[PDB]
């Protein structure tokens, strides 16, 4: 979407995966969807390095809505958002952050809150702009395909007409199977800054693998459509939650990075472990994710050993490689060379291991190397030519 926004993938925090539709503030005040939750997360992002590392969006998901007023104007739940959304936008802005919100193209939100029907699209866009929102995720429950086909373009146009830059995240393709012929990716790129292609992530390794598999199965279609201002979105990071092991957490970060995915966390920033912070705040990893060329990577090799190799092209003749073990036994010594991974001949390279920080220098295409990859884990290199 040609609105000047998200020339690199969005980084931030999104409520949904970890906090879901918990509205029981009487019994669970610390974890319910509420103004307090968002203010506390904003504070952590400001104070604990997140904003400084690039994590700038703080996004509200489903279950914020209270109703519509006599003029049809959307309102937040007054018990859980007592000061209203402008208050929260202003608070987040005072901390150098951006506020995202959520609506549904359809009669109701997925969890049954008031929907943004076709006849409400313009009003709702105007309300969000008036509130000084910075991003909108438009879900697609409780609509027909024809309604979504009218609605998503209508919302892009309505947001534009407000004059406020609002990043636009579109769930449209996920409701239509994610693929041609029903999904038109050139159309999506013209109307959306990012789109959810596929199924919601859940807090499990199986879920991560299911998403990775669908993305890699369809990478010939998906890889070319991503670029500055228009990203594929394989969903939220699980890092900091319950379902991923340490190796798996590091793997998701590396693989989302090579896929030029949004880095939208969804975890309790108030209690996040040092180990998990270190993954998410890895400076080179973020540099790679945020590479200005915005070229989504691909799986380039799959071996009978169950080692997979992904490659992302980067600025300044650099590349990212992710060596990914789908083995479930023990560490594996993977033997390769840059020549076996299709690199340019006669060039000499240097590599930095993104997780260890160690430097491997003087690699020619013919140079044999070994990387040790743990099960359901990765080794990631940032590689560039040297003199």
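Positions refer to the first chain, counted from 1.
As the entry records it, the average C-alpha temperature factor is higher for 116-124, out of 204-212 and 116-124. Between 310-318 and 194-202, the higher mean Cα B-factor belongs to 310-318. Per the PDB record, 326 has a higher Cα B-factor than any other of 32, 326, 41, 354. Of the candidates 176, 235, 139, 247, the PDB record gives 176 the highest C-alpha temperature factor.
Residue 62: CA B factor lies in the lowest third for its chain, per the PDB record.
In the deposited entry, the Cα temperature factor of residue 169 sits in the bottom third of values across the chain's modelled residues. Residue 291: CA B factor lies in the middle third for its chain, per the PDB record. Sorting the modelled residues of the chain by their CA temperature factor places residue 80 in the lowest third.
Placement of the Cα temperature factor of residue 23 within the chain: middle third of the modelled residues, per the deposited record.
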